[PDB]
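Some notes on the structure that comes next.
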Amino acid sequence: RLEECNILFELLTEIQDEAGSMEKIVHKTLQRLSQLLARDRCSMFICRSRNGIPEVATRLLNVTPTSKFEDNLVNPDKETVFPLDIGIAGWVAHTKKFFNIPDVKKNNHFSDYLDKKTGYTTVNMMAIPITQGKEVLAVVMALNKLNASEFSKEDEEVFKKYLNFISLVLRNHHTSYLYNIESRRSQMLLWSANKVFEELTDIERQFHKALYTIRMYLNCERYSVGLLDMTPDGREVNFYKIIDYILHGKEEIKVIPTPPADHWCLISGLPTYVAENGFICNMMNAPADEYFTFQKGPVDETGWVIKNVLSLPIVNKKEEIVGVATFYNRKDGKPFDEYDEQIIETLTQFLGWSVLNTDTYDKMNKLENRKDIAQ
Amino acid sequence: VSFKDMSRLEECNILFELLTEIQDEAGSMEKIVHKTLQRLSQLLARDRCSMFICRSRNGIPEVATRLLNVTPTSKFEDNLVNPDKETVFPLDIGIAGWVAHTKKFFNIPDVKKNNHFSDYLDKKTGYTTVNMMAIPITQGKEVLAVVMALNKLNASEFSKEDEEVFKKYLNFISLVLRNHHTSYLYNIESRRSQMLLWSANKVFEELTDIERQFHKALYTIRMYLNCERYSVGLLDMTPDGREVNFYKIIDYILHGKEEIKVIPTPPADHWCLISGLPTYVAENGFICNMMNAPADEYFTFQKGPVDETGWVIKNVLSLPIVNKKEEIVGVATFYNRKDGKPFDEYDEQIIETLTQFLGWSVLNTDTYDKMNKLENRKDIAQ
């Protein structure tokens with residue numbers, strides 16, 4: 001009716017000043033949109049796409065007009081994750097469509113988990129996805145109508161015409177995130193190549209040079225590149241060197257050769273998997289059976305723990321696997337995603353092609369010999 | 001209900017309208033800003049707004065027309081300014097330029113009583129102004145745009161109740177303009193990176209010689225520059241000024257019927273080289289981004305030529321490709337942005353990126369030579 005907008009203009013300043021967080025602005029909007037909508041609590045599901053698959057997770061929860069954000073936010077550790085074929089939000093995200101629910105008890109796509117897990121059960125709810133281009137960024141819902149079994153088609157219009165706003169905000173956030181993906185990608189290459197072309201050398205120094213020069217860019221706490229014996233496809237393996245980059249804690253860089261059976265990265269059997277099969281392997285925790293990532297709460301003396309791992313092959317222009325580069329734990333506790341996958345494939349590929357100089361080097365030597373055994 | 005008390009209620013009519021619109025992704029920044037300049041006029045008794053755009057070229061910033069003379073009524077196409085017709089200002093001159101320099105808000109009462117005025121637009125259109133409130137739009141350090149509401153209708157100053165209404169909505173504009181201009185940079189970075197990614201790929205396909213490597217790469221990425229023409233000229237190298245000699249040159253024509261010529265010991269009357277630019281940049285190692293053909297010093301083709309095809313040069317950007325010891329090895333030069341607008345800072349950025357990389361890849365060409373002189377200068381012994 002009367003005091004609708006006001007808070008929008010307020011919030012437009014709060015964007016105006018690049019200082020603002022996104023989530024605090026979405027949380028504030030979900031406040032009045034629960035008050036002003038007479039619905040019990042709102043909540044937000046963040047949508048990402050690890051591996052080929054996509055999925056959803058908690059992010060904001062139980063937004064009462066009163067509740068402080070600092071309550072409302074779900075830190076990434078404590079997030080809860082559904083595939084699209086489970087829960088309403090998943091379905092909302094598959095369908096890319098709006099829904100009003102008169103009764104979720106009379107509903108196939110039900111999410112009985114967070115009802116039962118938190119207690120505070122649900123009866124009715126209206127839900128929508130936020131998208132950008134073809135991409136589905138988020139799923140917002142209003143839960144539990146304050147007055148009797150269904151929301152109005154007057155309510156919808158508000159909801160709709162307010163997510164209009166959040167949408168605007170969410171997209172701008174994501175356009176920024178993409179901007180830094182692609183900048184990170186493009187700096188990475190740029191230096192990866194500045195090294196490679198510096199001077200004709202062998203694989204170890206080239207790879208090493210490079211991966212060092214761009215350590216910052218991976219927003220990553222550990223990673224080990226692992227060189228394969230090259231004398232297809234699987235179980236003929238042998239990692240013969242292995243170069244660790246410890247970038248969380250006190251910065252050390254090992255260059256193990258004839259690396260052990262139980263090197264701290266190898267012990268999981270992931271890099272073998274990637275050696276024998278050839279596929280990027282995003283994963284979130286330490287229990288994936290068919291693996292021995294380090295369930296133990298240290299890896300070592302520093303007490304460092306493993307959460308998210310993502311490992312890829314490094315491949316020839318002939319397409320044999322030259323090595324296997326595993327990455328560990330993003331710097332901000334998020335799982336590896338879609339776009340981490342892409343910029344790191346951008347890297348792994350760019351070296352796998354660089355092997356030409358590597359290979360050239362060894363030849364430039366065999367021939368500098370044969371020549372110097374004339375005179 | 002009172003003239004104000006409604007006018008307030010009416011603001012949210014306009015706002016939720018704008019949000020509603022900008023939820024459809026194509027179009028179009030300029031459309032939604034134009035639409036918003038309309039509703040300001042309506043809701044702020046202004047004869048006509050206008051929007052300027054800010055950019056940089058070489059190290060220097062500048063401002064230029066874009067949306068002009070927006071009543072609460074003028075139709076989009078009567079307002080949107082095509083680049084061919086755009087009018088351009090250095091910051092040290094005119095009010096927008098000054099505002100863009102000073103990153104500041106102004107509520108100018110008497111324009112004529114102002115020493116940063118230019119009589120150009122109002123002399124060009126005869127649409128004389130007198131009052132304007134003018135803001136800058138900004139993303140971090142930089143300045144995206146400048147928006148000025150003109151001629152306060154039934155008054156002589158814009159009320160401080162206008163100032164704040166102006167400001168109010170400009171935050172909308174600003175979210176849109178950042179969320180646009182970010183998305184442009186997103187696309188620049190994509191273009192920067194793929195250019196690298198592929199050039200790399202071709203460089204690493206087979207040990208090959210310079211021409212073959214350049215052509216290989218430069219061909220593959222023609223899509224990525226969004227440029228209408230670009231010739232790449234190779235200097236002789238057997239470190240600067242006049243000892244020049246472009247031995248090969250190699251034209252990339254992506255206007256109309258695509259044709260790629262390969263021109264050994266190219267003339268001087270070569271369409272690119274007549275200009276004098278590629279040579280000039282050959283003598284000093286410094287990037288040169290133009291607007292337009294004529295630029296006094298040079299004879300750049302003024303002609304509706306140079307072709308039978310009747311293609312016409314507007315904008316030229318030229319950079320050098322550098323060694324490792326750092327002679328100018330070649331001189332790339334790019335012509336007319338497909339999609340209308342002058343080369344800018346961000347072009348400079350990603351094209352230098354490309355140009356740098358090529359410079360660095362010359363390892364692999366020297367290496368190839370050395371390699372050939374072994375599969376040979378061993379076979380004189382063996």
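Chain identifiers are assigned as A, B, and so on, following the order in which chains appear in the structure tokens; residues are numbered from 1 within each chain, and ligands are numbered from 1 in order of appearance.
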Residue list for chain B near chain A as a PDB file with N, CA and C atoms, in the first residue's frame, 6 Å, only C-alpha atoms:
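Okay, this is what ended up in result-v4.pdb:
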```
ATOM      1  N   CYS B  12       7.085   5.141  -6.356  1.00  0.00           N
ATOM      2  CA  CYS B  12       7.207   3.697  -6.234  1.00  0.00           C
ATOM      3  C   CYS B  12       6.485   3.069  -7.394  1.00  0.00           C
ATOM      4  N   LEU B  19      12.530  -1.661 -12.124  1.00  0.00           N
ATOM      5  CA  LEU B  19      12.987  -2.995 -11.725  1.00  0.00           C
ATOM      6  C   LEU B  19      12.334  -4.053 -12.558  1.00  0.00           C
ATOM      7  N   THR B  20      11.021  -3.927 -12.715  1.00  0.00           N
ATOM      8  CA  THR B  20      10.265  -4.886 -13.505  1.00  0.00           C
ATOM      9  C   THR B  20      10.855  -4.963 -14.885  1.00  0.00           C
ATOM     10  N   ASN B 171      20.969   6.367  -8.022  1.00  0.00           N
ATOM     11  CA  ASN B 171      21.431   5.096  -7.499  1.00  0.00           C
ATOM     12  C   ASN B 171      20.908   3.917  -8.332  1.00  0.00           C
ATOM     13  N   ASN B 179      26.517  -2.689 -13.102  1.00  0.00           N
ATOM     14  CA  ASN B 179      26.114  -4.047 -13.476  1.00  0.00           C
ATOM     15  C   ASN B 179      26.157  -4.287 -14.971  1.00  0.00           C
ATOM     16  N   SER B 183      29.719  -6.212 -16.466  1.00  0.00           N
ATOM     17  CA  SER B 183      29.466  -7.252 -17.463  1.00  0.00           C
ATOM     18  C   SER B 183      30.268  -7.054 -18.771  1.00  0.00           C
ATOM     19  N   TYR B 186      33.716  -8.281 -17.727  1.00  0.00           N
ATOM     20  CA  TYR B 186      33.621  -9.725 -17.793  1.00  0.00           C
ATOM     21  C   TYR B 186      33.900 -10.174 -19.218  1.00  0.00           C
ATOM     22  N   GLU B 189      37.549  -9.686 -20.303  1.00  0.00           N
ATOM     23  CA  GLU B 189      38.475 -10.683 -19.752  1.00  0.00           C
ATOM     24  C   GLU B 189      38.321 -11.975 -20.492  1.00  0.00           C
ATOM     25  N   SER B 190      37.086 -12.329 -20.797  1.00  0.00           N
ATOM     26  CA  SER B 190      36.859 -13.510 -21.591  1.00  0.00           C
ATOM     27  C   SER B 190      37.610 -13.420 -22.933  1.00  0.00           C
ATOM     28  N   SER B 193      41.448 -13.620 -22.376  1.00  0.00           N
ATOM     29  CA  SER B 193      41.900 -14.957 -22.026  1.00  0.00           C
ATOM     30  C   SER B 193      41.808 -15.907 -23.225  1.00  0.00           C
ATOM     31  N   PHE B 204      51.808 -23.939 -29.680  1.00  0.00           N
ATOM     32  CA  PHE B 204      52.266 -25.231 -29.212  1.00  0.00           C
ATOM     33  C   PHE B 204      51.798 -26.407 -30.057  1.00  0.00           C
ATOM     34  N   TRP B 360      56.611 -12.764 -26.839  1.00  0.00           N
ATOM     35  CA  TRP B 360      57.264 -13.749 -26.022  1.00  0.00           C
ATOM     36  C   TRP B 360      57.414 -15.037 -26.748  1.00  0.00           C
ATOM     37  N   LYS B 378      74.611 -30.800 -38.119  1.00  0.00           N
ATOM     38  CA  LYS B 378      75.169 -32.097 -37.694  1.00  0.00           C
ATOM     39  C   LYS B 378      75.367 -33.019 -38.900  1.00  0.00           C
ATOM     40  N   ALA B 381      78.800 -33.015 -40.604  1.00  0.00           N
ATOM     41  CA  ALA B 381      79.653 -34.038 -40.003  1.00  0.00           C
ATOM     42  C   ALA B 381      79.092 -35.430 -40.364  1.00  0.00           C
TER      43      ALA B 381
END
```
Residue neighbourhood residue A:37, 10 Å, only C-alpha atoms, exclusion window fewer than 2 positions, as a tab-separated table (two decimals) with C-alpha atoms, in the first residue's frame:
```tsv
chain	number	residue	atom	x	y	z
A	30	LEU	CA	13.70	-10.82	2.92
A	31	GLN	CA	12.83	-9.12	6.24
A	32	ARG	CA	10.17	-6.64	5.06
A	33	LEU	CA	9.07	-9.20	2.43
A	34	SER	CA	8.11	-11.47	5.37
A	35	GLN	CA	6.64	-8.72	7.54
A	39	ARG	CA	4.54	-14.95	6.03
A	40	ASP	CA	6.28	-16.69	8.89
A	41	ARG	CA	9.91	-16.70	7.66
A	142	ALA	CA	8.50	-17.44	1.66
A	145	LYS	CA	1.41	-18.04	5.53
A	146	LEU	CA	0.52	-16.26	8.79
A	151	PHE	CA	-1.11	-17.02	0.01
A	152	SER	CA	-3.02	-14.52	-2.10
A	154	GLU	CA	-2.19	-10.19	-4.26
A	155	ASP	CA	0.73	-11.44	-2.18
A	156	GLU	CA	2.41	-12.99	-5.24
A	158	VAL	CA	4.52	-8.19	-4.11
A	159	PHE	CA	6.89	-11.13	-3.76
```
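Using only C-alpha atoms, the protein and nucleic acid residues lying no more than 10 Å from residue B:319, apart from those fewer than 6 places from it along its own chain, are residues 232, 277, 278, 281, 282, 285, 286, 287, 288, 289, 328, 330, 331, 332, 333, 334, 348, 351, 352, 355 and 356 of chain B.
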For the residues in the current selection, export C-alpha atoms as a PDB file, in the first residue's frame.
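What ended up in result26.pdb:
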```
ATOM      1  CA  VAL B 232      50.381  -7.315 -39.156  1.00  0.00           C
ATOM      2  CA  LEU B 277      51.304   5.003 -38.506  1.00  0.00           C
ATOM      3  CA  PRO B 278      52.693   1.458 -38.631  1.00  0.00           C
ATOM      4  CA  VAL B 281      54.987   3.075 -34.154  1.00  0.00           C
ATOM      5  CA  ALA B 282      57.875   1.149 -35.731  1.00  0.00           C
ATOM      6  CA  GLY B 285      57.729   1.698 -29.162  1.00  0.00           C
ATOM      7  CA  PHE B 286      54.448   3.298 -28.145  1.00  0.00           C
ATOM      8  CA  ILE B 287      50.745   2.381 -28.567  1.00  0.00           C
ATOM      9  CA  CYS B 288      48.532   4.693 -30.666  1.00  0.00           C
ATOM     10  CA  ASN B 289      44.751   4.672 -30.553  1.00  0.00           C
ATOM     11  CA  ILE B 328      60.281  -3.899 -32.313  1.00  0.00           C
ATOM     12  CA  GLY B 330      56.458  -6.376 -35.828  1.00  0.00           C
ATOM     13  CA  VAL B 331      53.668  -3.770 -35.828  1.00  0.00           C
ATOM     14  CA  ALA B 332      50.050  -4.870 -35.489  1.00  0.00           C
ATOM     15  CA  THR B 333      47.344  -2.374 -36.448  1.00  0.00           C
ATOM     16  CA  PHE B 334      43.611  -2.728 -36.032  1.00  0.00           C
ATOM     17  CA  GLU B 348      44.375  -1.384 -25.417  1.00  0.00           C
ATOM     18  CA  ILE B 351      45.311  -6.323 -27.424  1.00  0.00           C
ATOM     19  CA  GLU B 352      48.545  -5.375 -25.757  1.00  0.00           C
ATOM     20  CA  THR B 355      50.712  -8.323 -28.690  1.00  0.00           C
ATOM     21  CA  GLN B 356      52.971  -9.090 -25.630  1.00  0.00           C
TER      22      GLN B 356
END
```
Next on the checklist: Quick one: residues within 9 Å of residue B:38, only C-alpha atoms, excluding same-chain residues fewer than 6 positions away - as number ranges by chain?
Outcome noted: B: 48-49, 70-74
Take the residues that were just selected and, keeping C-alpha atoms, output them as a CSV table (one decimal), in the first residue's frame.
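Saved to part.csv:
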```csv
chain,number,residue,atom,x,y,z
B,48,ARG,CA,15.2,17.5,-20.9
B,49,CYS,CA,18.0,15.4,-19.4
B,70,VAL,CA,15.2,13.7,-23.0
B,71,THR,CA,11.8,15.2,-22.4
B,72,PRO,CA,9.3,13.0,-20.5
B,73,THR,CA,8.1,11.9,-23.9
B,74,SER,CA,10.8,12.0,-26.6
```
Item to check | Those of stretch 49-186 of chain A in DSSP strand (DSSP E), formatted as a PyMOL selection string | outcome: chain A and resi 55-63+81-83+99-101+125-132+135-145
If you run DSSP on the backbone here, which positions in stretch 35-148 of chain A get helix (DSSP H, G or I)? Please write them as a PDB file with N, CA, C and O atoms, in the first residue's frame.
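Below is the file part.pdb, written as the result:
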```pdb
ATOM      1  N   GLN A  35       7.532  -9.635   6.829  1.00  0.00           N
ATOM      2  CA  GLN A  35       6.644  -8.716   7.538  1.00  0.00           C
ATOM      3  C   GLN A  35       5.553  -8.337   6.578  1.00  0.00           C
ATOM      4  O   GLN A  35       4.420  -8.784   6.708  1.00  0.00           O
ATOM      5  N   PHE A  69      20.638 -10.654  10.861  1.00  0.00           N
ATOM      6  CA  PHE A  69      21.341 -11.407   9.812  1.00  0.00           C
ATOM      7  C   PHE A  69      22.309 -12.424  10.416  1.00  0.00           C
ATOM      8  O   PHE A  69      22.373 -13.586   9.989  1.00  0.00           O
ATOM      9  N   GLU A  70      23.067 -11.960  11.408  1.00  0.00           N
ATOM     10  CA  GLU A  70      24.174 -12.729  11.940  1.00  0.00           C
ATOM     11  C   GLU A  70      23.669 -14.088  12.431  1.00  0.00           C
ATOM     12  O   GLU A  70      24.401 -15.074  12.415  1.00  0.00           O
ATOM     13  N   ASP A  71      22.406 -14.131  12.845  1.00  0.00           N
ATOM     14  CA  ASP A  71      21.697 -15.395  13.030  1.00  0.00           C
ATOM     15  C   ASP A  71      21.468 -16.048  11.673  1.00  0.00           C
ATOM     16  O   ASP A  71      21.875 -17.180  11.420  1.00  0.00           O
ATOM     17  N   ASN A  72      20.799 -15.297  10.807  1.00  0.00           N
ATOM     18  CA  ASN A  72      20.264 -15.812   9.554  1.00  0.00           C
ATOM     19  C   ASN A  72      21.241 -16.478   8.581  1.00  0.00           C
ATOM     20  O   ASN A  72      20.839 -17.383   7.834  1.00  0.00           O
ATOM     21  N   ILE A  88      11.857 -29.026  -2.646  1.00  0.00           N
ATOM     22  CA  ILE A  88      11.128 -28.141  -3.544  1.00  0.00           C
ATOM     23  C   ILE A  88      12.080 -27.248  -4.332  1.00  0.00           C
ATOM     24  O   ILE A  88      12.001 -27.179  -5.564  1.00  0.00           O
ATOM     25  N   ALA A  89      12.971 -26.574  -3.598  1.00  0.00           N
ATOM     26  CA  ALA A  89      13.982 -25.666  -4.172  1.00  0.00           C
ATOM     27  C   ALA A  89      14.741 -26.279  -5.344  1.00  0.00           C
ATOM     28  O   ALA A  89      14.956 -25.635  -6.364  1.00  0.00           O
ATOM     29  N   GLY A  90      15.157 -27.525  -5.177  1.00  0.00           N
ATOM     30  CA  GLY A  90      15.739 -28.277  -6.267  1.00  0.00           C
ATOM     31  C   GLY A  90      14.855 -28.264  -7.491  1.00  0.00           C
ATOM     32  O   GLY A  90      15.316 -28.010  -8.605  1.00  0.00           O
ATOM     33  N   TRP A  91      13.576 -28.542  -7.275  1.00  0.00           N
ATOM     34  CA  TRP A  91      12.616 -28.598  -8.370  1.00  0.00           C
ATOM     35  C   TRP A  91      12.438 -27.192  -8.968  1.00  0.00           C
ATOM     36  O   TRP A  91      12.467 -27.014 -10.203  1.00  0.00           O
ATOM     37  N   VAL A  92      12.302 -26.198  -8.090  1.00  0.00           N
ATOM     38  CA  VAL A  92      12.182 -24.806  -8.519  1.00  0.00           C
ATOM     39  C   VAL A  92      13.318 -24.485  -9.466  1.00  0.00           C
ATOM     40  O   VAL A  92      13.109 -23.833 -10.491  1.00  0.00           O
ATOM     41  N   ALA A  93      14.507 -24.965  -9.104  1.00  0.00           N
ATOM     42  CA  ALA A  93      15.733 -24.711  -9.848  1.00  0.00           C
ATOM     43  C   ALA A  93      15.827 -25.491 -11.139  1.00  0.00           C
ATOM     44  O   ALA A  93      16.389 -24.993 -12.106  1.00  0.00           O
ATOM     45  N   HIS A  94      15.308 -26.711 -11.169  1.00  0.00           N
ATOM     46  CA  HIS A  94      15.226 -27.447 -12.434  1.00  0.00           C
ATOM     47  C   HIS A  94      14.265 -26.767 -13.433  1.00  0.00           C
ATOM     48  O   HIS A  94      14.557 -26.590 -14.632  1.00  0.00           O
ATOM     49  N   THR A  95      13.118 -26.387 -12.898  1.00  0.00           N
ATOM     50  CA  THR A  95      11.996 -25.893 -13.666  1.00  0.00           C
ATOM     51  C   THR A  95      12.150 -24.441 -14.123  1.00  0.00           C
ATOM     52  O   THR A  95      11.558 -24.031 -15.124  1.00  0.00           O
ATOM     53  N   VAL A 104       2.152 -28.417   1.026  1.00  0.00           N
ATOM     54  CA  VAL A 104       3.332 -29.228   0.734  1.00  0.00           C
ATOM     55  C   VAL A 104       3.160 -30.678   1.211  1.00  0.00           C
ATOM     56  O   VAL A 104       3.928 -31.566   0.826  1.00  0.00           O
ATOM     57  N   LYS A 105       2.162 -30.907   2.061  1.00  0.00           N
ATOM     58  CA  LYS A 105       1.772 -32.256   2.458  1.00  0.00           C
ATOM     59  C   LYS A 105       1.138 -32.966   1.255  1.00  0.00           C
ATOM     60  O   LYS A 105       1.324 -34.165   1.043  1.00  0.00           O
ATOM     61  N   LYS A 106       0.400 -32.207   0.454  1.00  0.00           N
ATOM     62  CA  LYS A 106      -0.156 -32.719  -0.790  1.00  0.00           C
ATOM     63  C   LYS A 106       0.796 -32.451  -1.952  1.00  0.00           C
ATOM     64  O   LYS A 106       0.355 -32.123  -3.054  1.00  0.00           O
ATOM     65  N   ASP A 112      11.233 -32.994   3.461  1.00  0.00           N
ATOM     66  CA  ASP A 112      10.910 -33.207   4.889  1.00  0.00           C
ATOM     67  C   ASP A 112      12.120 -33.132   5.845  1.00  0.00           C
ATOM     68  O   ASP A 112      11.939 -33.261   7.059  1.00  0.00           O
ATOM     69  N   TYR A 113      13.325 -32.914   5.298  1.00  0.00           N
ATOM     70  CA  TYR A 113      14.582 -32.911   6.065  1.00  0.00           C
ATOM     71  C   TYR A 113      14.715 -31.735   7.043  1.00  0.00           C
ATOM     72  O   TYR A 113      14.868 -31.948   8.250  1.00  0.00           O
ATOM     73  N   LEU A 114      14.687 -30.504   6.531  1.00  0.00           N
ATOM     74  CA  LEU A 114      14.918 -29.314   7.372  1.00  0.00           C
ATOM     75  C   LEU A 114      13.734 -29.004   8.279  1.00  0.00           C
ATOM     76  O   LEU A 114      13.875 -28.280   9.268  1.00  0.00           O
ATOM     77  N   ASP A 115      12.564 -29.523   7.913  1.00  0.00           N
ATOM     78  CA  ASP A 115      11.399 -29.494   8.790  1.00  0.00           C
ATOM     79  C   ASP A 115      11.769 -30.294  10.024  1.00  0.00           C
ATOM     80  O   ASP A 115      11.805 -29.764  11.132  1.00  0.00           O
ATOM     81  N   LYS A 116      12.087 -31.566   9.800  1.00  0.00           N
ATOM     82  CA  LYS A 116      12.353 -32.512  10.868  1.00  0.00           C
ATOM     83  C   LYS A 116      13.647 -32.196  11.600  1.00  0.00           C
ATOM     84  O   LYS A 116      13.724 -32.403  12.807  1.00  0.00           O
ATOM     85  N   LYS A 117      14.649 -31.687  10.880  1.00  0.00           N
ATOM     86  CA  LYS A 117      15.972 -31.430  11.467  1.00  0.00           C
ATOM     87  C   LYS A 117      15.995 -30.202  12.383  1.00  0.00           C
ATOM     88  O   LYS A 117      16.620 -30.245  13.436  1.00  0.00           O
ATOM     89  N   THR A 118      15.323 -29.125  11.967  1.00  0.00           N
ATOM     90  CA  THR A 118      15.171 -27.895  12.779  1.00  0.00           C
ATOM     91  C   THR A 118      13.911 -27.911  13.659  1.00  0.00           C
ATOM     92  O   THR A 118      13.815 -27.147  14.625  1.00  0.00           O
TER      93      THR A 118
END
```
Item to check | Within 10 Å of residue A:232 using only C-alpha atoms, minus same-chain residues under 4 positions, as a ChimeraX atom specification | outcome: /A:236-237,276,319-321
List the spatial neighbours of residue A:260 as a PDB file with N, CA, C and O atoms, in the first residue's frame - criterion: any atom at most 10 Å away, only C-alpha atoms, same-chain residues fewer than 3 positions off excluded.
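Now in part11.pdb:
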```
ATOM      1  N   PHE A 239      54.183 -41.924 -10.524  1.00  0.00           N
ATOM      2  CA  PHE A 239      54.559 -40.542 -10.313  1.00  0.00           C
ATOM      3  C   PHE A 239      56.026 -40.507  -9.859  1.00  0.00           C
ATOM      4  O   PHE A 239      56.394 -41.078  -8.818  1.00  0.00           O
ATOM      5  N   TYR A 240      56.859 -39.827 -10.637  1.00  0.00           N
ATOM      6  CA  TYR A 240      58.301 -39.876 -10.431  1.00  0.00           C
ATOM      7  C   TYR A 240      58.900 -38.679  -9.687  1.00  0.00           C
ATOM      8  O   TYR A 240      59.914 -38.811  -8.995  1.00  0.00           O
ATOM      9  N   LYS A 241      58.287 -37.514  -9.858  1.00  0.00           N
ATOM     10  CA  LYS A 241      58.527 -36.351  -9.001  1.00  0.00           C
ATOM     11  C   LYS A 241      57.187 -36.028  -8.389  1.00  0.00           C
ATOM     12  O   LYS A 241      56.229 -36.722  -8.646  1.00  0.00           O
ATOM     13  N   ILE A 242      57.130 -34.983  -7.577  1.00  0.00           N
ATOM     14  CA  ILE A 242      55.865 -34.391  -7.139  1.00  0.00           C
ATOM     15  C   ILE A 242      56.187 -33.085  -6.399  1.00  0.00           C
ATOM     16  O   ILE A 242      57.028 -33.060  -5.515  1.00  0.00           O
ATOM     17  N   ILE A 256      59.581 -33.181  -3.834  1.00  0.00           N
ATOM     18  CA  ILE A 256      59.869 -34.621  -3.712  1.00  0.00           C
ATOM     19  C   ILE A 256      60.104 -35.376  -5.040  1.00  0.00           C
ATOM     20  O   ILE A 256      59.360 -35.185  -6.014  1.00  0.00           O
ATOM     21  N   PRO A 257      61.131 -36.249  -5.081  1.00  0.00           N
ATOM     22  CA  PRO A 257      61.260 -37.139  -6.191  1.00  0.00           C
ATOM     23  C   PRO A 257      61.132 -38.585  -5.709  1.00  0.00           C
ATOM     24  O   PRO A 257      61.097 -38.854  -4.492  1.00  0.00           O
ATOM     25  N   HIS A 263      52.714 -40.520  -0.024  1.00  0.00           N
ATOM     26  CA  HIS A 263      52.809 -39.074  -0.035  1.00  0.00           C
ATOM     27  C   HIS A 263      51.462 -38.460   0.388  1.00  0.00           C
ATOM     28  O   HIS A 263      50.407 -38.978   0.043  1.00  0.00           O
ATOM     29  N   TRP A 264      51.494 -37.367   1.140  1.00  0.00           N
ATOM     30  CA  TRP A 264      50.259 -36.769   1.709  1.00  0.00           C
ATOM     31  C   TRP A 264      49.120 -36.480   0.707  1.00  0.00           C
ATOM     32  O   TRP A 264      47.955 -36.424   1.095  1.00  0.00           O
ATOM     33  N   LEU A 266      48.929 -38.317  -2.364  1.00  0.00           N
ATOM     34  CA  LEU A 266      48.648 -39.563  -3.077  1.00  0.00           C
ATOM     35  C   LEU A 266      47.795 -40.540  -2.301  1.00  0.00           C
ATOM     36  O   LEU A 266      46.929 -41.203  -2.870  1.00  0.00           O
ATOM     37  N   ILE A 267      48.067 -40.638  -1.007  1.00  0.00           N
ATOM     38  CA  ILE A 267      47.321 -41.490  -0.070  1.00  0.00           C
ATOM     39  C   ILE A 267      45.814 -41.646  -0.327  1.00  0.00           C
ATOM     40  O   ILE A 267      45.247 -42.685   0.009  1.00  0.00           O
TER      41      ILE A 267
END
```
Item to check | Atom-to-atom span, atom CA of residue B:13 and atom CA of residue B:81, Å | outcome: 28.3 Å
Find the residues near residue B:214: any atom within 9 Å, counting only C-alpha atoms, skip ones fewer than 2 places away on the same chain, and give them as a JSON list (two decimals) with N, CA and C atoms, in the first residue's frame.
```json
[["chain", "number", "residue", "atom", "x", "y", "z"],
["B", 199, "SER", "N", 45.87, -18.72, -29.15],
["B", 199, "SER", "CA", 47.23, -18.45, -29.62],
["B", 199, "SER", "C", 48.20, -19.48, -29.03],
["B", 203, "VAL", "N", 50.56, -21.90, -31.10],
["B", 203, "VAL", "CA", 52.00, -21.85, -30.87],
["B", 203, "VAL", "C", 52.53, -23.22, -30.51],
["B", 209, "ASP", "N", 57.96, -21.61, -37.92],
["B", 209, "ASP", "CA", 58.63, -20.29, -38.04],
["B", 209, "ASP", "C", 57.70, -19.09, -37.82],
["B", 210, "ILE", "N", 58.29, -17.91, -37.67],
["B", 210, "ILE", "CA", 57.54, -16.72, -37.23],
["B", 210, "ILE", "C", 56.23, -16.44, -37.95],
["B", 211, "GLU", "N", 56.30, -16.23, -39.27],
["B", 211, "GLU", "CA", 55.13, -15.94, -40.12],
["B", 211, "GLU", "C", 54.07, -16.99, -39.87],
["B", 212, "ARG", "N", 54.48, -18.25, -40.05],
["B", 212, "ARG", "CA", 53.59, -19.38, -39.86],
["B", 212, "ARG", "C", 52.98, -19.39, -38.48],
["B", 216, "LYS", "N", 49.07, -18.38, -38.07],
["B", 216, "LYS", "CA", 48.34, -19.41, -37.33],
["B", 216, "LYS", "C", 47.53, -18.75, -36.24],
["B", 217, "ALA", "N", 48.20, -18.05, -35.35],
["B", 217, "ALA", "CA", 47.52, -17.52, -34.17],
["B", 217, "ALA", "C", 46.54, -16.40, -34.50],
["B", 218, "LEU", "N", 47.06, -15.30, -35.01],
["B", 218, "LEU", "CA", 46.20, -14.21, -35.43],
["B", 218, "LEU", "C", 44.97, -14.65, -36.23],
["B", 219, "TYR", "N", 45.09, -15.66, -37.10],
["B", 219, "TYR", "CA", 43.89, -16.14, -37.81],
["B", 219, "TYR", "C", 42.86, -16.67, -36.82],
["B", 232, "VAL", "N", 49.18, -7.09, -39.97],
["B", 232, "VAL", "CA", 50.38, -7.31, -39.16],
["B", 232, "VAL", "C", 51.63, -7.24, -40.02],
["B", 358, "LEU", "N", 52.75, -12.61, -28.20],
["B", 358, "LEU", "CA", 53.35, -12.88, -29.48],
["B", 358, "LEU", "C", 54.82, -12.57, -29.42]]
```
Checklist entry - Between atom CA of residue B:321 and atom CA of residue B:359, what is the distance, to one decimal in Å? => result 5.2 Å
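The interatomic distance for the pair atom CA of residue B:202 and atom CA of residue B:365 works out to 12.7 Å.
Of the residues under consideration (B:326, B:86, B:240, B:228), B:228 shows the shortest atom-to-atom contact distance to residue B:254 when counting only C-alpha atoms.
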